[PDB]
Amino acid sequence: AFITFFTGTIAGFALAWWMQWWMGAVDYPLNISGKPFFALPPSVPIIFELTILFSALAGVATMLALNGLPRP
Amino acid sequence: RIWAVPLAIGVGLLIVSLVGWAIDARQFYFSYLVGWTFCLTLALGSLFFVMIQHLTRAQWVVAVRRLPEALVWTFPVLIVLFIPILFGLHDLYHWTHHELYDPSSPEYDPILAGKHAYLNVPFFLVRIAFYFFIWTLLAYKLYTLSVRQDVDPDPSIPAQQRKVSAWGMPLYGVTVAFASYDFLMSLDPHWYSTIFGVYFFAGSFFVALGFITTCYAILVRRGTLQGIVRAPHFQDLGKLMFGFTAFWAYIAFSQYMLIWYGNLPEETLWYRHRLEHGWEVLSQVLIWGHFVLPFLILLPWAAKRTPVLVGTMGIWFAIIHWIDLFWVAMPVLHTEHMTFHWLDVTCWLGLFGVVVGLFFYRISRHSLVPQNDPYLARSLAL
Amino acid sequence: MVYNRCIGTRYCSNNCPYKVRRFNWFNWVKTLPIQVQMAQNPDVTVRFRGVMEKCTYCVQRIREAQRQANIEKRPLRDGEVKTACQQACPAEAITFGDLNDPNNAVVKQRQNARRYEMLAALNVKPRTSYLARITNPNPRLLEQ
Amino acid sequence: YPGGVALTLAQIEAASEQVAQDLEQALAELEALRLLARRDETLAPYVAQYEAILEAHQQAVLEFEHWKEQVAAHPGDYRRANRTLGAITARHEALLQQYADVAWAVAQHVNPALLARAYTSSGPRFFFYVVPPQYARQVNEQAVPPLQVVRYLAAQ
Amino acid sequence: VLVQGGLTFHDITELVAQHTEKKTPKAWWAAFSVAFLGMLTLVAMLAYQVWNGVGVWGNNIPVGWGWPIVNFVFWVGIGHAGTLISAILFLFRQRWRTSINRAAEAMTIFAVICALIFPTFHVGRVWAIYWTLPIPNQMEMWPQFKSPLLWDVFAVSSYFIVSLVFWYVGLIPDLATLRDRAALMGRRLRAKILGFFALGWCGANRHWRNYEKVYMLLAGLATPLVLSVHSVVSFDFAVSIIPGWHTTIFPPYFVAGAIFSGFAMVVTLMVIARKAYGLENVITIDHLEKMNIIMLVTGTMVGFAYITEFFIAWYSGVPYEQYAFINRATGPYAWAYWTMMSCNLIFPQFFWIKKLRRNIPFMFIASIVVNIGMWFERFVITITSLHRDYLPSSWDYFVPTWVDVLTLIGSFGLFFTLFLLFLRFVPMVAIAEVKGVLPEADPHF
Ligand code: SF4
Ligand code: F3S
């Protein structure tokens with residue numbers, strides 16, 4: 001299920017990176033400090049870190065799915 | 001022989017690169033720095049590998065222990081290779097010019113009461129010649145020891161190596177910081193950054209993990225061994241190459257997002273390096289080629305531990321430090337014209353051969369794997 | 001600044017070299033009586049606890065002017081708008097006329113030699129590029 | 001978001017052509033101003049006061065291609081045409097307005113009166129009980145020239 | 001060997017059961033009194049706050065922050081210790097963490113709770129903080145992702161989660177053990193029905209291998225997050241233009257502060273979790289011995305940065321950054337920095353004497369004092385360069401109010417209050433891996 005961790009990183013990565021190409025420039029932009037509209041660096045600790053959450057939980061949704069652990 | 005081919009081809013090439021010190025003069029001194037400090041980072045990185053192997057002691061990666069120790073005694077040879085800097089030292093750091101503090105020049109660069117105590121080129125002599133009394137002393141106190149627990153086994157075998165790690169440990173991390181603050185901080189001294197003492201450190205211990213790793217990966221295939229050092233040894237080296245690629249890119253990016261934000265005068269490292277003059281090319285193709293291709297390719301544990309890949313990575317993982325460090329050392333000259341010269345590379349393949357010349361000649365001088373050692377078969381029978 | 005959207009984490013202020021992002025610490029206006037309330041002018045956003053605030057160049061009278069120029073096509077004159085720091089300072093120190101309008105007083109007072117740029121060194125590129133003082137001592141004349 | 005980007009791409013072209021036709025007019029006036037007020041005024045900052053806009057106006061032409069080509073390259077994002085058009089018309093009407101403010105001073109010295117055909121000249125907001133601005137915008141539009149301001153001074 | 005205990009695989013279960021078997025402690029009844037009283041003082045002043053306004057804390061405008069966010073960096077820096085000895089010690093696979101691990105993400109997760117309250121509450125407008133989240137809200141508005149105060153939210157709203165989910169997953173064999181005991185020997189027949197957090201556990205091959213690679217995953221996937229959480233909470237400082245902050249070494253530094261803070265509290269918990277309710281056979285004193293190295297690592301890595309700070313003032317500083325650190329030593333806070341740096345440097349360089357000072361009672365009197373400098377470290381670094389920054393006009397001392405201190409105290413209150421609460425319910429020790437790692441679980445017998 002690292003091959004199932006595939007979809008964890010991509011969607012979260014795409015989520016943040018889509019949470020800014022949709023947000024920082026195209027829909028309600030702002031000249032906050034001349035920041036050039038979702039230039040990579042201040043997006044990295046979200047395009048990195050928010051990926052970790054949505055990619056870890058899928059990493060554990062697998063864990064709760066291998067022979068479906070919730071079978072008390 | 002195995003020892004003289006990287007040496008004769010590299011010193012054959014280094015003696016050829018005397019042409020640099022003679023012709024296109026100021027170019028070669030600083031292609032020598034990017035090469036010289038790489039050999040130093042190789043010394044610096046793989047030594048810290050030995051240290052951390054002893055502090056939180058690790059009997060699991062010990063077949064890959066004796067060989068770093070060989071790498072260290074380079075740095076005494078790296079002393080006599082400090083010479084080409086010194087003739088060009090008055091031409092490089094821009095504070096050695098001494099026509100600037102309060103002489104008749106139009107410039108009173110604010111260096112008079114601030115820096116002139118820390119930097120005065122006879123002080124620079126001792127600020128590094130002092131380090132030769134430490135980073136070599138580790139060699140003459142560690143390499144003399146760890147080679148010697150084989151033939152003359154001690155009652156207290158490791159705990160003398162620990163003694164180096166008990167008081168010879170912290171001075172290392174200090175002298176690495178001040179070294180970087182003395183060598184590579186100073187090319188564009190209109191810059192003040194506290195992290196960069198670690199970017200040199202981590203960017204060293206980043207690399208040398210790879211060179212130690214690829215050596216076995218080379219010396220496992222058609223080497224003196226082929227199956228002794230098992231696969232899950234390298235499985236840890238991957239876990240290290242990730243855990244220290246993080247400790248690099250965390251640093252190479254904390255140097256970036258922090259300075260990409262504020263836009264201060266200290267930024268002028270990168271108004272000249274990053275964007276302009278054929279180096280936005282460098283940084284992009286660097287970071288795509290320096291963090292993500294390693295962090296992506298090595299990741300899955302179905303070929304992460306294979307020898308020949310991680311050996312193939314040690315090439316892409318250490319040849320790239322040229323591209324990492326050529327983004328620091330040389331650009332203050334070719335700030336006008338990004339035209340990297342042939343002399344930029346002769347010293348890379350030179351010193352990366354010359355260091356390895358000595359590195360095999362010492363492994364020719366004596367053993368390879370410690371003939372007796374604590375927990376050896378515990379790591380071999382693994 | 002918008003006195004609505006803020007929340008009061010105050011790190012709006014801590015960045016600025018000039019600690020001018022003041023902050024409505026307590027709710028002074030809620031306890032304001034039934035007398036002074038005549039005085040707060042009926043054109044600007046009085047502010048609630050947990051909110052920053054700053055100069056804004058007296059934006060309020062930019063708006064009623066620029067709006068009055070959006071109704072009817074026009075520019076803004078050299079003196080159609082006067083800020084409070086301008087219109088009150090009897091020494092005609094502050095001028096405020098719009099930059100990129102070369103006939104106005106600001107472009108003459110900015111193009112002057114001493115465009116004193118206070119803590120410019122932080123690469124901040126601000127407006128109100130104001131002027132220094134020129135104290136004028138005396139030739140010797142047995143001064144010292 | 002009615003029907004995509006390709007609809008607005010006709011009017012954004014219709015703005016850039018107004019700019020291109022004004023390259024002629026502004027640079028034409030820049031000849032005429034050197035001809036009209038040869039020596040009838042200071043003219044040392046005041047002529048360059050008119051040129052300083054001109055390097056910006058021409059600079060925006062190459063941009064207005066780049067602005068526009070970034071739109072016509074991909075017509076699948078409505079939130080760039082309204083903005084590029086709102087930028088052009090502002091970066092256009094500004095430069096029209098900046099030409100005028102430098103050009104009305106020309107009459108202000110040649111004529112002792114900056115003329116009563118200068119601006120809307122309506123008044124403050126409390127002067128709406130007498131004069132709504134509605135009247136004024138039909139004075140300003142139907143009297144004031146955008147860039148027939150100095151050719152008007154050929155009649156003087 | 002790395003645990004000293006005459007144990008077998010069974011000997012832990014009877015013992016940790018006796019630590020969760022019956023509900024009649026007395027010292028509990030005192031701790032839940034004084035600690036909850038601490039929590040009562042917290043909310044007694046924290047809703048007194050929001051009905052009234054921020055300025056009852058001692059914050060002037062130049063130093064807008066004061067003790068609350070100082071305590072946020074504290075009560076999150078304190079917490080990284082717990083999650084990283086779960087992650088790091090598996091990455092290096094030192095096979096050593098097992099005696100303490102499961103009690104540590106507790107020591108993280110509750111710290112993160114009493115941490116996260118501060119960003120929700122040192123603001124003045126708490127109710128309007130859901131705007132900070134990226135919900136498609138009632139208008140076309142969304143937050144600003146160039147703001148480390150927002151990174152903090154996602155980080156902590158991920159770090160509360162990942163550390164939890166990595167702790168909850170960490171303690172599955174406990175619930176299996178306790179679900180298994182609740183039927184045959186335990187509190188009630190209806191503790192089994194409470195232990196459905198076992199999630200159909202049987203300890204099988206098919207999913208235990210997966211548990212290992214997941215525990216590997218979260219180790220190599222929460223450490224890259226831990227190095228981003230506290231780094232974010234350092235980025236908020238150093239991203240600024242302030243000279244005492246913009247120095248770029250801070251994110252590694254504050255992380256080392258989180259080490260040198262967090263283990264400086266874990267030892268305070270382990271000492272008192274070793275005297276009365278202790279595990280002599282499982283919490284081997286040799287563990288705390290090899291524990292204080294990674295403290296003493298940051299007992300000097302923290303120290304090297306002070307040199308760099310104190311150095312760059314002499315090397316190539318702005319004429320303000322030159323003054324920024326002369327302030328720290330010489331000025332109002334000479335009581336802090338001279339003693340703080342000395343406190344955080346003397347005691348670690350006075351620590352390694354008698355083979356790391358295995359002696360247990362010195363641990364408590366030192367682990368406090370090591371930590372008190374941390375609350376100063378973040379009261380110094382934040383504030384000592386936040387006044388006296390680029391103007392004399394913005395020169396103002398920071399007088400902390402009597403409500404600043406009851407929130408600090410209350411943070412200890414809710415920490416102990418809720419750390420003790422689940423701790424008495426869950427098992428303390430990571431009993432699953434303890435009997436699986438060092439004892440005769442090895443197939444070589
Ligand atoms: S008077 Fe000046 S300083 Fe005061 S708010 Fe208005 S514009 Fe700002
Ligand atoms: S940082 Fe921002 S959210 Fe408000 S309190 Fe300051 S303007």
# chains A, B, ... in the order shown; residues from 1 in each chain; ligands from 1
>>> interface_residues(of="chain E", to="chain B", cutoff="7 Å", atoms="only C-alpha atoms", output="PyMOL selection string")
chain E and resi 91+238-241+247-249+304+308+314-317
>>> residues_around(residues="segment 15-28 of chain A", least_positions_apart="2", cutoff="7 Å", atoms="only C-alpha atoms", output="list in words")
residues 11, 12, 13, 30, 37, 38, 46 and 47 of chain A; 79 of chain D
>>> residues_near_ligand(ligand="ligand 2", cutoff="9 Å", atoms="only C-alpha atoms and all ligand atoms", output="list in words")
residues 1, 2, 3, 4, 5, 6, 7, 8, 9, 10, 11, 12, 13, 14, 15, 21, 23, 50, 51, 52 and 53 of chain C; 123, 124, 132, 147 and 149 of chain E
>>> interface_residues(of="chain D", to="chain A", cutoff="12 Å", atoms="only C-alpha atoms", output="list in words")
residues 76, 77, 78, 79, 80, 81, 82, 83 and 84 of chain D
>>> residues_around(residues="residue 57 of chain A", least_positions_apart="5", cutoff="9 Å", atoms="only C-alpha atoms", output="list in words")
residues 8, 52 and 62 of chain A; 162 and 165 of chain E
>>> write_last_selection(atoms="N, CA, C and O atoms", output="CSV table (one decimal), in the first residue's frame")
chain,number,residue,atom,x,y,z
A,8,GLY,N,-2.3,9.4,-1.8
A,8,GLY,CA,-2.4,10.3,-0.7
A,8,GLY,C,-1.6,11.6,-0.9
A,8,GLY,O,-2.1,12.7,-0.7
A,52,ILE,N,1.0,16.1,4.2
A,52,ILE,CA,1.3,15.0,5.2
A,52,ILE,C,0.1,14.5,5.8
A,52,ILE,O,-0.1,13.3,6.0
A,62,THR,N,-5.7,2.8,4.5
A,62,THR,CA,-5.2,1.4,4.1
A,62,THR,C,-5.1,0.5,5.3
A,62,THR,O,-5.6,-0.6,5.3
E,162,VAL,N,-1.8,14.0,13.5
E,162,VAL,CA,-0.9,13.0,13.1
E,162,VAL,C,-0.2,12.5,14.4
E,162,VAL,O,-0.1,11.2,14.5
E,165,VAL,N,-3.2,10.3,15.9
E,165,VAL,CA,-3.4,9.1,15.1
E,165,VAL,C,-2.2,8.2,15.1
E,165,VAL,O,-2.3,6.9,15.0
>>> interface_residues(of="chain A", to="chain C", cutoff="12 Å", atoms="only C-alpha atoms", output="PDB file with C-alpha atoms, in the first residue's frame")
ATOM      1  CA  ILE A  32      -0.074  41.618  -0.082  1.00  0.00           C
ATOM      2  CA  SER A  33       3.500  42.877   0.181  1.00  0.00           C
ATOM      3  CA  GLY A  34       4.232  42.366  -3.471  1.00  0.00           C
TER       4      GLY A  34
END
>>> residues_around(residues="residue 393 of chain E", least_positions_apart="4", cutoff="10 Å", atoms="only C-alpha atoms", output="PyMOL selection string")
(chain C and resi 18-19) or (chain E and resi 62+387-389)
>>> write_last_selection(atoms="N, CA, C and O atoms", output="mmCIF file, in the first residue's frame")
data_model
loop_
_atom_site.group_PDB
_atom_site.id
_atom_site.type_symbol
_atom_site.label_atom_id
_atom_site.label_comp_id
_atom_site.auth_asym_id
_atom_site.auth_seq_id
_atom_site.Cartn_x
_atom_site.Cartn_y
_atom_site.Cartn_z
ATOM 1 N N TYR C 18 8.241 50.533 12.112
ATOM 2 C CA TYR C 18 7.525 51.627 12.740
ATOM 3 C C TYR C 18 6.301 51.060 13.435
ATOM 4 O O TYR C 18 5.271 50.815 12.814
ATOM 5 N N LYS C 19 6.364 50.919 14.744
ATOM 6 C CA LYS C 19 5.256 50.307 15.454
ATOM 7 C C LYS C 19 4.106 51.300 15.441
ATOM 8 O O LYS C 19 3.843 52.027 16.401
ATOM 9 N N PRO E 62 4.319 47.651 20.866
ATOM 10 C CA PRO E 62 5.536 47.152 20.217
ATOM 11 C C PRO E 62 5.741 45.690 20.512
ATOM 12 O O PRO E 62 5.916 44.880 19.598
ATOM 13 N N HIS E 387 10.871 45.034 21.439
ATOM 14 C CA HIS E 387 11.154 46.406 21.796
ATOM 15 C C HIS E 387 12.610 46.668 21.480
ATOM 16 O O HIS E 387 13.414 45.743 21.381
ATOM 17 N N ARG E 388 12.943 47.941 21.297
ATOM 18 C CA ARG E 388 14.258 48.334 20.822
ATOM 19 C C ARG E 388 14.532 47.688 19.470
ATOM 20 O O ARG E 388 15.443 46.882 19.286
ATOM 21 N N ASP E 389 13.694 48.082 18.521
ATOM 22 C CA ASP E 389 13.760 47.609 17.147
ATOM 23 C C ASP E 389 13.505 48.783 16.210
ATOM 24 O O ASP E 389 12.363 49.194 15.998
#
>>> residues_near_ligand(ligand="ligand 1", cutoff="10 Å", atoms="only C-alpha atoms and all ligand atoms", output="list in words")
residues 20, 53, 54, 55, 56, 57, 58, 59, 60, 61, 82, 83, 84, 85, 86, 87, 88, 89, 94 and 96 of chain C
>>> write_last_selection(atoms="N, CA, C and O atoms", output="CSV table (one decimal), in the first residue's frame")
chain,number,residue,atom,x,y,z
C,20,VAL,N,3.4,51.3,14.3
C,20,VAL,CA,2.3,52.2,14.0
C,20,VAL,C,1.0,51.5,13.9
C,20,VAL,O,-0.1,52.1,14.0
C,53,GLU,N,-5.3,49.1,13.7
C,53,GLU,CA,-5.6,50.3,12.9
C,53,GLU,C,-4.3,51.2,12.8
C,53,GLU,O,-3.4,51.0,13.6
C,54,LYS,N,-4.3,52.1,11.9
C,54,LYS,CA,-3.2,52.8,11.5
C,54,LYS,C,-3.6,54.1,10.7
C,54,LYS,O,-4.8,54.4,10.7
C,55,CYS,N,-2.7,54.8,10.1
C,55,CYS,CA,-2.9,56.1,9.4
C,55,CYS,C,-4.0,55.9,8.4
C,55,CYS,O,-5.1,56.5,8.5
C,56,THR,N,-3.7,55.2,7.3
C,56,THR,CA,-4.5,55.0,6.1
C,56,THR,C,-4.4,56.3,5.3
C,56,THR,O,-5.3,56.4,4.4
C,57,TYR,N,-3.5,57.2,5.5
C,57,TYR,CA,-3.4,58.5,4.8
C,57,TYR,C,-4.8,59.2,4.8
C,57,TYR,O,-5.0,60.1,4.0
C,58,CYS,N,-5.6,59.1,5.9
C,58,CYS,CA,-6.9,59.7,5.9
C,58,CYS,C,-7.6,59.3,4.7
C,58,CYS,O,-8.2,60.2,4.0
C,59,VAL,N,-7.6,58.0,4.4
C,59,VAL,CA,-8.3,57.5,3.2
C,59,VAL,C,-9.7,58.0,3.0
C,59,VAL,O,-10.2,58.1,1.9
C,60,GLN,N,-10.4,58.3,4.1
C,60,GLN,CA,-11.8,58.6,4.1
C,60,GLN,C,-12.1,59.7,3.1
C,60,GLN,O,-13.1,59.6,2.3
C,61,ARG,N,-11.3,60.7,3.0
C,61,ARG,CA,-11.4,61.8,2.1
C,61,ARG,C,-10.7,61.6,0.8
C,61,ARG,O,-10.8,62.5,-0.1
C,82,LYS,N,-7.4,67.1,0.9
C,82,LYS,CA,-6.4,67.5,1.9
C,82,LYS,C,-6.6,66.6,3.1
C,82,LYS,O,-7.7,66.5,3.6
C,83,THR,N,-5.5,66.0,3.5
C,83,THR,CA,-5.6,65.1,4.7
C,83,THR,C,-5.7,65.9,5.9
C,83,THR,O,-5.7,67.1,5.9
C,84,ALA,N,-5.8,65.2,7.1
C,84,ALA,CA,-5.9,65.9,8.3
C,84,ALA,C,-4.5,66.4,8.8
C,84,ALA,O,-4.4,67.5,9.3
C,85,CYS,N,-3.5,65.5,8.6
C,85,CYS,CA,-2.2,65.9,8.9
C,85,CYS,C,-1.7,67.1,8.0
C,85,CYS,O,-0.9,67.9,8.4
C,86,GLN,N,-2.3,67.1,6.8
C,86,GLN,CA,-2.0,68.2,5.9
C,86,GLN,C,-2.8,69.5,6.3
C,86,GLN,O,-2.2,70.5,6.6
C,87,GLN,N,-4.1,69.4,6.3
C,87,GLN,CA,-4.9,70.5,6.4
C,87,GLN,C,-4.9,71.2,7.8
C,87,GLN,O,-5.3,72.3,8.0
C,88,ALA,N,-4.3,70.5,8.8
C,88,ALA,CA,-4.2,71.0,10.1
C,88,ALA,C,-2.8,71.6,10.4
C,88,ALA,O,-2.7,72.6,11.2
C,89,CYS,N,-1.8,71.0,9.9
C,89,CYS,CA,-0.4,71.5,10.2
C,89,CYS,C,-0.2,72.9,9.6
C,89,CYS,O,-0.1,73.0,8.4
C,94,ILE,N,3.3,69.0,5.3
C,94,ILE,CA,2.7,67.9,4.6
C,94,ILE,C,2.0,68.5,3.4
C,94,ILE,O,1.3,69.5,3.5
C,96,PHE,N,0.9,66.0,0.2
C,96,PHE,CA,0.0,64.9,0.0
C,96,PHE,C,-0.4,64.7,-1.4
C,96,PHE,O,-0.9,63.6,-1.8
>>> interface_residues(of="chain E", to="chain A", cutoff="9 Å", atoms="only C-alpha atoms", output="NGL selection string")
:E and (134 or 140-142 or 144-148 or 151 or 154-155 or 158-159 or 161-162 or 165 or 169 or 196-201 or 206-207 or 210-211 or 214 or 217-218 or 221-222 or 224-225 or 228-229 or 232)
>>> write_last_selection(atoms="N, CA, C and O atoms", output="compact mmCIF listing (two decimals), in the first residue's frame")
# COMPACT_ATOMS: atom_id res chain seq x y z
N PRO E 134 -9.66 27.66 5.55
CA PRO E 134 -9.98 27.84 4.13
C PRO E 134 -11.33 27.25 3.74
O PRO E 134 -11.46 26.57 2.71
N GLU E 140 -16.92 35.36 -0.99
CA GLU E 140 -15.83 34.82 -1.79
C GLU E 140 -14.48 35.17 -1.17
O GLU E 140 -13.61 35.74 -1.80
N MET E 141 -14.33 34.79 0.09
CA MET E 141 -13.13 35.07 0.87
C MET E 141 -12.45 33.81 1.37
O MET E 141 -13.10 32.80 1.65
N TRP E 142 -11.13 33.90 1.50
CA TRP E 142 -10.29 32.79 1.92
C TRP E 142 -9.03 33.36 2.56
O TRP E 142 -8.67 34.51 2.30
N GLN E 144 -4.93 33.94 3.88
CA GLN E 144 -3.73 34.41 3.20
C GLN E 144 -2.59 33.47 3.54
O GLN E 144 -2.09 33.46 4.67
N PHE E 145 -2.16 32.68 2.56
CA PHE E 145 -1.20 31.62 2.79
C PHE E 145 0.25 32.08 2.77
O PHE E 145 1.14 31.24 2.71
N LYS E 146 0.49 33.38 2.83
CA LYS E 146 1.83 33.92 3.01
C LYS E 146 2.09 34.23 4.47
O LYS E 146 3.08 34.90 4.79
N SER E 147 1.24 33.74 5.36
CA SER E 147 1.23 34.13 6.76
C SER E 147 1.56 32.95 7.65
O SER E 147 0.75 32.01 7.76
N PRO E 148 2.70 32.94 8.34
CA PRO E 148 3.01 31.79 9.19
C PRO E 148 2.07 31.62 10.36
O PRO E 148 2.02 30.53 10.93
N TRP E 151 0.08 28.96 8.76
CA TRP E 151 0.82 27.71 8.73
C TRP E 151 0.75 27.04 10.08
O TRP E 151 0.63 25.82 10.17
N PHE E 154 -2.70 25.11 10.28
CA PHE E 154 -2.68 23.82 9.58
C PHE E 154 -1.68 22.87 10.21
O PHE E 154 -1.95 21.68 10.34
N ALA E 155 -0.52 23.38 10.59
CA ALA E 155 0.49 22.56 11.23
C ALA E 155 -0.04 21.95 12.50
O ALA E 155 -0.01 20.74 12.66
N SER E 158 -2.81 19.70 12.04
CA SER E 158 -2.30 18.44 11.53
C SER E 158 -1.44 17.73 12.55
O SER E 158 -1.38 16.51 12.54
N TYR E 159 -0.78 18.46 13.43
CA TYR E 159 0.16 17.88 14.37
C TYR E 159 -0.56 17.34 15.59
O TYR E 159 -0.17 16.29 16.10
N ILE E 161 -3.28 15.99 15.05
CA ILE E 161 -3.93 14.85 14.43
C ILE E 161 -2.94 13.74 14.16
O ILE E 161 -3.17 12.60 14.53
N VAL E 162 -1.84 14.05 13.48
CA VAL E 162 -0.87 13.03 13.13
C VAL E 162 -0.24 12.45 14.38
O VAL E 162 -0.08 11.24 14.49
N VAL E 165 -3.15 10.28 15.87
CA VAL E 165 -3.39 9.09 15.07
C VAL E 165 -2.18 8.16 15.08
O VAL E 165 -2.34 6.94 15.04
N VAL E 169 -2.87 4.78 17.00
CA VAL E 169 -2.37 3.58 16.37
C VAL E 169 -1.26 2.97 17.19
O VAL E 169 -1.10 1.74 17.22
N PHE E 196 -13.66 -1.15 22.09
CA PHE E 196 -13.77 -1.37 20.65
C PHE E 196 -12.74 -0.58 19.86
O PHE E 196 -12.67 -0.74 18.63
N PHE E 197 -11.95 0.27 20.51
CA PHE E 197 -10.79 0.88 19.87
C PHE E 197 -9.73 -0.15 19.50
O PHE E 197 -8.82 0.18 18.74
N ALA E 198 -9.84 -1.38 20.02
CA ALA E 198 -9.05 -2.49 19.49
C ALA E 198 -9.24 -2.63 17.99
O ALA E 198 -8.30 -2.99 17.27
N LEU E 199 -10.44 -2.36 17.51
CA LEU E 199 -10.78 -2.44 16.10
C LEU E 199 -10.48 -3.84 15.56
O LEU E 199 -9.63 -4.04 14.69
N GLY E 200 -11.20 -4.81 16.11
CA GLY E 200 -11.10 -6.20 15.70
C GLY E 200 -9.68 -6.72 15.73
O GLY E 200 -9.23 -7.36 14.77
N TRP E 201 -8.95 -6.44 16.80
CA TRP E 201 -7.57 -6.86 16.87
C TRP E 201 -7.44 -8.34 17.18
O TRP E 201 -8.19 -8.89 18.00
N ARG E 206 -1.18 -10.87 8.83
CA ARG E 206 -1.60 -10.17 7.62
C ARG E 206 -1.52 -8.66 7.78
O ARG E 206 -1.18 -7.96 6.83
N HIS E 207 -1.81 -8.15 8.98
CA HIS E 207 -1.81 -6.72 9.23
C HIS E 207 -0.74 -6.27 10.21
O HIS E 207 -0.49 -5.07 10.29
N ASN E 210 1.90 -4.76 8.20
CA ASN E 210 1.47 -3.45 7.78
C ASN E 210 1.66 -2.44 8.90
O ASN E 210 2.04 -1.30 8.66
N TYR E 211 1.40 -2.87 10.14
CA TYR E 211 1.57 -1.98 11.29
C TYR E 211 3.01 -1.52 11.40
O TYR E 211 3.27 -0.37 11.75
N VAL E 214 3.68 1.01 8.61
CA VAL E 214 2.98 2.23 8.97
C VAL E 214 3.71 2.96 10.08
O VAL E 214 3.90 4.17 10.03
N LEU E 217 6.26 4.42 8.48
CA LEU E 217 5.79 5.51 7.64
C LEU E 217 5.63 6.77 8.46
O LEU E 217 6.25 7.78 8.17
N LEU E 218 4.84 6.70 9.52
CA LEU E 218 4.62 7.86 10.37
C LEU E 218 5.90 8.31 11.04
O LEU E 218 6.04 9.49 11.33
N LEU E 221 7.40 10.21 8.40
CA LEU E 221 6.38 11.10 7.86
C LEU E 221 5.80 12.05 8.90
O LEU E 221 5.08 12.97 8.52
N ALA E 222 6.08 11.85 10.18
CA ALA E 222 5.82 12.82 11.23
C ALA E 222 7.06 13.59 11.60
O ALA E 222 6.95 14.75 12.01
N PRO E 224 9.42 14.64 9.32
CA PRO E 224 9.38 15.77 8.38
C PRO E 224 8.30 16.77 8.68
O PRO E 224 8.40 17.92 8.26
N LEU E 225 7.26 16.36 9.41
CA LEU E 225 6.24 17.28 9.87
C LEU E 225 6.68 17.99 11.14
O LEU E 225 6.42 19.18 11.29
N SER E 228 8.78 20.71 10.49
CA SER E 228 8.05 21.80 9.88
C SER E 228 7.10 22.49 10.83
O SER E 228 6.84 23.68 10.66
N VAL E 229 6.60 21.80 11.85
CA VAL E 229 5.68 22.42 12.79
C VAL E 229 6.42 23.46 13.61
O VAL E 229 6.06 24.65 13.61
N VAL E 232 7.76 26.18 11.39
CA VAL E 232 6.71 27.16 11.13
C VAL E 232 6.60 28.13 12.29
O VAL E 232 6.61 29.36 12.12
